[PDB]
Amino acid sequence: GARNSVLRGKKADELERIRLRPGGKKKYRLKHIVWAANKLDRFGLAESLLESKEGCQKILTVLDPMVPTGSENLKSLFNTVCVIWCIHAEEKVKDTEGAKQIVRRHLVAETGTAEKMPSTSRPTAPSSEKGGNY
Ligand SMILES: CCCC(=O)OC[C@H](COP(=O)(O)O[C@@H]1[C@H](O)[C@H](O)[C@@H](OP(=O)(O)O)[C@H](OP(=O)(O)O)[C@H]1O)OC(=O)CCC
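Okay, so the sequence shown: first residue is 2 according to the UniProt record's numbering, each after it adds one.
Dropping the structure here:
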């Protein structure tokens, strides 16, 4: 675009506040948007799809399964697309991880009300398995 750019004023704050990592010091910036939008065009996806939250949902759905079966060059874009959606859905996130959760919870909710119910689970092991911070 061009008219007052794409990013807003009040929104630019929260956007510039979000950090790429939970324990890092890097914050999202136009630089990351260019690297992301540039990937879509090349891959085959459009760029305007990053403007509408609805379009972003069609992207995360494809990159979703690409995470557990793809390279880092892809997972990187998947992390950004998750944040772009949180910006248009008025969703607030502290870091990139938080955005990945909120978005996911919103997708599984739509892809879990037709015929994709969860299966039986298993109890924890007797051995020592207590290691993890909040
Ligand atoms: C010329 C090659 C360099 C290049 O292209 O640069 C890649 C660009 C910016 O550079 P970077 O800060 O090194 O990249 C990110 C940080 O190291 C972050 O700490 C790491 O952790 P997490 O966020 O995953 O926890 C990210 O991992 P993946 O998401 O890739 O696994 C990594 O991408 O990545 C972006 O941020 C773009 C938007 C996602």
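Cβ atoms here follow ideal geometry from the backbone N, Cα and C, with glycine treated the same way.
Item: Name the residue from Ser77, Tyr135, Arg18, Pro124 whose alpha carbon lies nearest to the alpha carbon of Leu41.; Value: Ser77
Item: Under the DSSP definition of a beta bridge, which residues are partnered with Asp96?; Value: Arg20
Item: Out of curiosity, what's the CA-to-CA distance linking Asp65 and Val94?; Value: 19 Å
Item: So, helix, strand or coil for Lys76, using DSSP?; Value: helix
Item: Could you check what DSSP says for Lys117 in three-state terms: helix, strand or coil?; Value: coil
Item: Taking a cut-off of 7 Å, which residues have a beta-carbon closer than that to any heavy atom of ligand 1, in chain order?; Value: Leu21, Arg22, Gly25, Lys27, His33, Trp36, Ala37, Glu73, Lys76, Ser77, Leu78, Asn80, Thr81, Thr97, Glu98
Item: Out of curiosity, what's the CA-to-CA distance linking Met118 and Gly24?; Value: 34 Å
Item: Give the straight-line distance between the Cα atoms of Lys11 and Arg18, rounded to the nearest whole angstrom.; Value: 11 Å
Item: Looking only at DSSP bridge pairs, what is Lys28 linked to?; Value: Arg20
Item: Determine whether the beta carbon atoms of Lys28 and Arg20 lie at a separation below 7 Å.; Value: yes
Item: Between the alpha carbons of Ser49 and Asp96, how many angstroms are there, rounded?; Value: 24 Å
Item: Taking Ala13 and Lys54 to be in contact with their CB atoms under 8 Å, please state how far apart those CB atoms are, rounded to whole angstroms.; Value: Going by Cβ atoms, the distance from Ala13 to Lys54 rounds to 17 Å, so no, they are not a contact pair.
Item: The alpha helix (DSSP H) spanning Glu55 covers which residue range?; Value: 54 to 64
Item: Around the Cβ of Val7, are there at least 16 other Cβ atoms within 10 angstroms (buried) or fewer (exposed)?; Value: exposed
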